[PDB]
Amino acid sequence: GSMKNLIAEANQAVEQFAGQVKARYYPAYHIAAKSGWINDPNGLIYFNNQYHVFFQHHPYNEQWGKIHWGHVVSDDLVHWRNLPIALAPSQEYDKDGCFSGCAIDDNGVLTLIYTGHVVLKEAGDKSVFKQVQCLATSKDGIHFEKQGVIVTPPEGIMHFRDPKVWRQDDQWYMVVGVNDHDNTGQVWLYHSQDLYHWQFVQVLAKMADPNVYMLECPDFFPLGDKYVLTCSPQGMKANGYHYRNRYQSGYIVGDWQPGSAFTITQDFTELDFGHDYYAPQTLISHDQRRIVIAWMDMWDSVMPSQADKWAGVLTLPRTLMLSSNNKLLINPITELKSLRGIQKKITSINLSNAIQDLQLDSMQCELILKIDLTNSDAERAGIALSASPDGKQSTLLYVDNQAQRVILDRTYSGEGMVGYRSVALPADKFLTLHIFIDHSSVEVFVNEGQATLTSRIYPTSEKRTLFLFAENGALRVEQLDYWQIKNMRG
């Protein structure tokens, strides 16, 4: 009945199915629950000399359900350790889930502000539910006490969730995602002097596309001389290379100060051009980097890991910086270098109408691949990642010189989803692909952070290698750096 008892029950279920989890897809250096389901990252914070990441968590099986907050901690944003569950559904206001939210430091008290979800009427997608913002506190960073409801929506507002709270001008601001009366997605700004009493301030953002019905997981933060709004729009129609995933995640850059409109200088841009990037949240690092972590997954995708009694991975943490033209440069955090093992360097590799097995283990590795775009004139040329030794199964990451795009094609990757994602080739003589491979994922950082591609892969082969390939012309690889990547957990 009590949350302490419900957390104990949840932790025992997670521990019970942990023994059934197979290593084939389980990430060596990304955040997952010990077993069961996770989605969105929550309560990102640097608190009492440690990095906390919580996440949407169903402890009882490998499918979404009665959502808890799971919890990991690290000293260095890299060596993540599993902790006991932080929040279980227990009260009338959060009976059917402790949905997404944030963490703040309330004068030495770690405070979680989260959406409490309760179903008022079961009717599938026509279901009626209540969503309010709730508050919990911890003295020890492990055990949390609920302090009840702090924000209730106007009458006729149902979708009202994903609070993100920050301190400014001796008060607190909150952004939430809302489905308004006219069925448009909006980010609403609220404020409070005390964290318990909140007043609506303004509609902070709404999108020009009238088919966007929800903006999930808003995060509003300063970066250089601008404010950035990260969010996850729902209802954007896929349009050419744009908005390919079931749901979008992206950023809007503009100008704001208290009492003013958020005036947009850079319109909604996707944060990641791959298959599996949803519900980003940010924190400030000890040294004042802006760091983003997202769910490395997508609603309604085939999830082959579910046969192994677990599902859900978070992305690598990434730095955000504004370019001179106010686009985000996105890079992996420098601390991941601490996972590097055996290094291998190859210089000046030319291929023409040929494939080459690099004979490098693709289970858990980091690559820097520098490609000469002028002299790589092949119709298709690049690397086959997480590849069977027979080359029949692989994840294809390559230059398409007809499209003039970088392609990540998972058609032959293994189990689950087929097809490709892409980014335009950068306007540069050289393409640098900084590639992170884990047991069921590929993350690509292009050039100086101009673009990223994140996709889940489910290879079925016992041995995983890397091939280079050039079709109908030449590939010129200036340099290939490879590192084995160590298990973050030990």
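Don't overthink the numbering: it's just position in the shown sequence, from 1.
The stretch 189-197 shows the higher mean C-alpha B-factor when 289-297 is compared against 189-197 in the entry. The mean Cα B-factor in the deposited entry runs higher for 456-464 than for the other of 435-443 and 456-464. Highest CA B-factor among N325, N245, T269, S386, as stated in the entry: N325. Across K392, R405, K164, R161, the greatest Cα temperature factor reported in the deposited entry is at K392. Ranked by C-alpha B-factor against the other modelled residues of its chain, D225 falls in the highest third. When the modelled residues of the chain are ordered by C-alpha B-factor, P304 sits in the middle third. In the PDB entry, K126 places in the highest third of its chain by CA B-factor. Per-chain ranking of the deposited C-alpha B factor places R318 in the lowest third. Sort the modelled residues of the chain by CA B factor and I349 lands in the highest third.
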